[PDB]
């Protein structure tokens, strides 16, 4: 019989940040998650996530990234959990053969961000361990880095509960019942109501937004990462090896320096198996590609980090058709906020999105420019 101000469905990356923002302002909040956040069934585990600022995917992403960065620095000062390490982030690819690299360089020029430009052997000289062809060029952002995602979520969750937020774990929301002046969620453990609703179920948005009369294409992808025994004298954060996102002949890869001897972590971005969140196989290696794709890159570009596989993890991307996020009010219900399809690049923005989501649920508007994320745009189809 407890009526909330706001109910958040899915307390993951976006959800929990949104809950922290709401609780911090005294808004009576209930956060309902299918599991017990942070956990390893969604897309926030794997320990680390890259945060970059020269976002060539859209000028609106830059301010969002820059504001999110400031929010991560604030979070770092408020909790005892480790939030961010300034490893810096390196981007490289074939000179003149990478829209990604070129768009990154343009974004940095356009937004006056601080970056170092280098190419060929300069890359290989600056960062021992990296071996690229002399025809490769790179842009290095020294002030961006790595976020410890599980710590971020755990910190947001602890800060929000200390301010009165309620978290209902291991409870799957099955249906929604929206009325012009209140929202209701349906779960096996009971029904709950509030004045506002935030929906951020990650991969599961591809299966439950239909319950909100929304028919938006969202395709979940199985995306693995691998930790490899590496030459600590080259790939250790301690010796300044950077976080990275690069473009090679067969696609985009991303990785992290070895932290405390955990080994270099790498992930293949351009490819992932299409799956259903409820049946995805979360065992690293069940497929031969899981590991072969990562070693194909390592043996060629960072041969010193191609050692024994120390650890594997399986996580999910949820793509929209244009691969841009969806952050907006529900087209038929102004008391419902949607956050979905972060298509593999949304964690860095989660602190900012948390702010956008709390602004939208409380006022129906946000001070951030989120036009390219409209739920009514045509590219969504």
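Positions refer to the first chain, counted from 1.
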Legend entry - Given 186-194 and 88-96, the range whose Cα B-factors average higher in the PDB entry: 88-96
Legend entry - Greater mean Cα temperature factor according to the PDB record, 347-355 or 324-332: 324-332
Inset, instruction - Could you say which of 115, 165, 123, 71 has its CA atom at the highest B factor, as listed in the PDB entry? - result: 123
Legend entry - Residue selected from 226, 243, 202, 251 by maximal Cα B factor: 251
Legend entry - CA B-factor ranking of residue 341, expressed as a third of its chain: lowest
Inset, instruction - Place residue 179 in the lowest, middle or highest third of its chain's C-alpha B-factors, as listed in the PDB entry. - result: highest
Legend entry - Ranked C-alpha temperature factor of residue 220 among modelled chain residues, by third: middle
Inset, instruction - Sorting the chain's modelled residues by C-alpha B-factor, tell me whether residue 284 ends up in the lowest, middle or highest third. - result: highest
Legend entry - Relative C-alpha B-factor of residue 380, binned into the chain's lowest, middle or highest third: highest
